[PDB]
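In case you want the letters, here they are:
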Amino acid sequence: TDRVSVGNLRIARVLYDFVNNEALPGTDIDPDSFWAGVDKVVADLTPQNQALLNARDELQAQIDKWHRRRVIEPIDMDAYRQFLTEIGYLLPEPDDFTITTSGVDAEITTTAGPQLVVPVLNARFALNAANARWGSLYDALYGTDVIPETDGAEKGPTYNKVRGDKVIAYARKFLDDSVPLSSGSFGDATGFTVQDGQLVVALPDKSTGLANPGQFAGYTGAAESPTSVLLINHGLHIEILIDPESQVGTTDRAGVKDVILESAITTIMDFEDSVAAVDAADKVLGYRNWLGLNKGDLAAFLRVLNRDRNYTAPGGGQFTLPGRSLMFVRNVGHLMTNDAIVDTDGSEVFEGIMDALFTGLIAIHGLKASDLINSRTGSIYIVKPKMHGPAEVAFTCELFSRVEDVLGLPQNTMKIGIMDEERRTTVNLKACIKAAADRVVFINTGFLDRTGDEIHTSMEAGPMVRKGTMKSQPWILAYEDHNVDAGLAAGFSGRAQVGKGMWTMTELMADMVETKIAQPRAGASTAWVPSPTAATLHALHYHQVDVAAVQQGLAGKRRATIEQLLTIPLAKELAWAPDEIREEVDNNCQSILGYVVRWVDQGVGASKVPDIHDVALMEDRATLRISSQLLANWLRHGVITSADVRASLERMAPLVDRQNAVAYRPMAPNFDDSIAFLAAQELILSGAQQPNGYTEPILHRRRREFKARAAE
Ligand SMILES: O=C(O)C(=O)CC(=O)c1cccc(Br)c1
Ligand SMILES: [Mg+2]
Ligand SMILES: [Mg+2]
Ligand SMILES: [Mg+2]
């Protein structure tokens, strides 16, 4: 066979070799001890892993049955709440406490700023993300719709000076708003110098300093004619590049070439919802990238990781700043198994357990010199998604503890970023944080998964509101506030991130800049962006909003009740016309097909897919979880018929085919000959029966089916 025997396990050879030849050397872990550990941890924790999965199903069955026996229109909230408490769904809230997590880096405990999420299987993208710690504001403004492409300001094949000037003026205002001069505007600056350790800005008829000289962080080049000036605001750096001989500098009144923003402070290297990995070959591609990132030798010319940045202090001494985003890794959650390892019965091993062992092993390299150090404070940062309730958090705690022992790492080295993205976590959040009180480095509202769970949990209650309506329903607004309240009450300020979710409209940057400011205004010290460009633009918000002061002001407040959290997003009687229903169906089918076709045929786990209004959306598994669950819910309650679904899928399919074009295999007109098309259909028609509406069981099965056919 193509497998290696270790105790009860049979490990795919490709994975075995990868760990031995690439991951283990340099960690000082004895290979025999490692592998024995893998067998032992898998043997010991699998039963509990399974019990937790069975408990989800049992809770969901009871809730389904609660709704079916009811019939009374307005849900009786006190009865419902009492029921959830009876079945162990809603648990008692623990007494107040403060987290004790230690050895965490400044980028997490203290700095407020953007957090970038990127598929770890794409080496190019992962490299750009790691390097996105610094980014060009001019490139972000000029390249996106933040500067409207009005008459005369259009993007052309070459530099448009009218447009460039708008970019320059936008940035000058940003400087005025962020690091104000004692008098006058950056708009009128003619030059910058450093004198007696102070920044001096030349204006036309006078010179001025910063209103707050402490915002002067340093410079490069000669004090008397620097090549750049470095400022800091709300803990984030801004660098003005000075080069009158450059394309842009020549047109600028002070010779400014660009303004660089400290952008993606941290990055989450994702093994979960943004990637398609269904076997040992896929997992190894991902692990190898994660390894190269931690060793600092990942290279895709040849794209490489950036070095730290050198500056001159105001007084004239030297210092450096991190040139790379501080990396988390997102492991998969408790649900899935993967045949990369099977036992003697042929049973697949739980994937989350494997990720903990393998990504944790690999992360050791990031704690040491690259022939440079991810975590200088000695932590490994793992995001754990899709947990349901505090027992599941406790299980993750014990899993990490056992892995630490296998890896010979100190206890509590492996830190947890907690996704608050399932209903049973939301309503037990304080208890969940408590279960990880010494490991937690963030909580984050994964609002898309959370929306999927909301629909699945109350699937039997009645038909839900439209997808677009969900983002503004009472339950979700209360969930957002409740998350911030819980983190602040647990002492997260100055210790751990309070984070919010992803902006998915990748081309609507003007809208993001206008709207996403709500997140740090709500006291979030970080929030998710899909790209380095969006990281730079989102950074703007942290310069405008003093998140630390916002969090301080929110202290003690309790702004969401349990009743609000439990407000099921049921649609009102006769809420939609035939045309609105048709739109929702087509919108969901197009998005499902666009994403699924690339998942199943090409193993791409995150894709831009134009919705029904032709808005580009970054789709991942969570957005698919919503679309499929919504249609499943509408089909369950007779809003639409199975023919509506079929016709819509059949309608949208040729359009999606058109949207694609070398490793692409058309779904139409032979729909039922396309594994990808059938996958999409199955996600909808079996939606109600998937545990918690999770999409992986079907996606993994169908992707594997596709690969097997392709191999013959
Ligand atoms: O909202 C949540 O459940 C997330 O966890 C979001 C998520 O991973 C995502 C969504 C769209 C694009 C990308 Br990249 C990631
Ligand atoms: Mg049932
Ligand atoms: Mg999620
Ligand atoms: Mg301020």
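Residues numbered from 1 in each chain as written, not as in the entry; some residues may be left out. Chains lettered and ligands numbered in written order. Heavy atoms only, no water.

S.K.: Looking at this structure, how should I read the state of the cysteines?
M.R.: What we call a disulfide is simply a covalent bond connecting the sulfur atoms of a pair of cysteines. Taken as a whole and assessed by the stated rule, the structure comprises zero disulfides. Not engaged in a disulfide, the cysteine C397 finds its nearest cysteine sulfur in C432; these two sulfurs lie 13 Å apart. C397 sits in the buried class, given a relative accessible area of 19%. Residue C432 is classed as buried on the basis of its relative accessible area of 0%. (Disulfide = S-S within 2.5 Å. Buried < 20%, exposed > 50% of the residue type's maximum accessible area, 1.4 Å probe, protein only.)

S.K.: Sorry if this is basic, but what is going on with the coordination of the magnesium ion (ligand 3) here?
M.R.: Reference values for angles at a metal are 109.5 degrees in the four-donor tetrahedral case and 90 or 180 degrees in the six-donor octahedral case. Every protein donor of the magnesium ion (ligand 3) is listed here as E421 (OE) and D449 (OD), and their distances to the metal cover 2.1 to 2.2 Å. Taken as a pair, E421 in the loop between strand 19 (414–420) and helix 11 (423–426) and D449 in helix 13 (residues 447–457) lie far apart in primary sequence, 28 residues in all. (Donors = N, O, S within 2.8 Å, 3.2 Å for Na, K, Ca; no water. Helix = DSSP H or I, 4+ residues; strand = E, 2+ residues; numbered from the N terminus.)

S.K.: I'm lost on the sheet that holds strand 1 (residues 3–6) in this one. Help?
M.R.: In space, the four strands of this open sheet follow the order 1-2-16-17, with antiparallel pairing throughout. Of all the strands in the sheet, the pair left with one neighbour each is strand 1 and strand 17 (348–350). On average, each strand axis in the sheet is inclined to that of its neighbour by 50°, with strand direction left out of account. Pairing of strand 2 (residues 9–12) with strand 16 (residues 337–343), which is carried by three bridges, proceeds in the antiparallel orientation. Note that in strand 16 the partner of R10 across the bridge is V342. (Pairing = 2+ DSSP bridges. Axes fitted to C-alpha atoms, helices over the stretch in contact; angles between N-to-C directions.)

S.K.: What exactly am I supposed to notice about unusual backbone geometry here?
M.R.: Most peptide bonds adopt trans geometry, and most residues besides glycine take a negative phi value. That bond from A668 to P669 is cis: its omega, 0°, falls within 30 degrees of zero. Notably, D28 is not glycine yet its phi reads approximately 65°, a positive angle. Here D28 shows up in the loop between helix 1 (13–23) and helix 2 (31–68). A relative accessible area of 78% places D28 in the exposed class. The backbone of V71 shows a phi angle near 75°, a positive value even though the residue is not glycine.

S.K.: In this structure, what is going on with the site of ligand 1? I would like to understand it.
M.R.: Lining the immediate surroundings of ligand 1 are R330, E421, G446, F447, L448, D449, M502, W528, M618, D620 and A622. Here an oxygen atom of ligand 1 and a backbone polar atom of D449 are 2.7 Å apart. The side chain of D620 places a nitrogen or oxygen atom 2.9 Å from an oxygen atom of ligand 1. Among the elements that make up the shell around ligand 1, the one with the highest residue count is helix 13 (three residues). Looking at which domains feed residues into the shell around ligand 1, each of domain 1 (1–133 + 263–571) and domain 3 (572–712) supplies at least three. (Near = heavy atom within 4 Å. Polar contact = N/O pair within 3.5 Å; in protein donor to acceptor, adjacent residues only side chain to side chain. Domains from an automatic or database assignment.)

S.K.: Before we go on, may I ask you to explain the sheet that holds strand 18 (residues 380–384) in this structure?
M.R.: Through backbone hydrogen bonds, the strands of a sheet pair up, either in parallel or in antiparallel fashion. Spatial ordering of the closed barrel is given by 3-12-15-18-19-20-21-22, a layout of eight strands whose pairing is parallel. Direction aside, the axes of adjacent strands within the sheet are offset by 30° on average. Along the sheet face, helix 18 (residues 532–544) touches strand 3 (115–119) and strand 22 (526–529) and points at about 150° away from the line of strand 22. (Contact = heavy atoms within 4.5 Å.)

S.K.: Honestly, the packing of helix 13 against helix 22 (residues 621–636) in this entry has me stumped. Any pointers?
M.R.: The geometry of a pair of packed helices is captured by two quantities: the angle between their axes and the separation between those axes. Here helix 13 crosses helix 22 at 20°, and the two axes come no closer than 8 Å. By the criterion of interaxial angle, the relationship of helix 13 to helix 22 is roughly parallel. Of the two elements, helix 13 crosses helix 22, and the hand of that crossing is left-handed. Packed against helix 13, whose contacting residues are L448, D449, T451, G452, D453, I455 and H456, the element helix 22 presents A622, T623, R625, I626, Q629, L630 and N633 at the interface. The class makeup of the residues in the contact of helix 13 with helix 22 is five nonpolar, six polar and three charged. (Parallel < 35°, antiparallel > 145°, perpendicular 65-115°, else oblique. Left-handed = near helix turned anticlockwise from the far one by under 90°. Nonpolar A, V, L, I, M, F, W, Y, C, P; charged D, E, K, R; others polar.)

S.K.: How should I be thinking about helix 13 in this particular structure?
M.R.: An α-helix turns once every 3.6 residues. As a result, residues three or four positions apart point the same way. Helix 13 sits mainly inside the fold: 11 of its 11 residues count as buried. When helix 13 is considered as a whole, its buried residues turn out to be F447, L448, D449, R450, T451, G452, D453, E454, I455, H456 and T457.

S.K.: Would you mind showing me how to read the environment of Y16 here?
M.R.: Examined against the element boundaries, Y16 turns out to sit in helix 1. C-alpha of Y16 to C-alpha of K295: the two residues are 279 residues apart in sequence and 19 Å apart in space. If we skip the residues at most four places from it in the chain, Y16 touches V4, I11 and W35.

Fair warning: the whole summary comes from geometry, so function is off the table for now.
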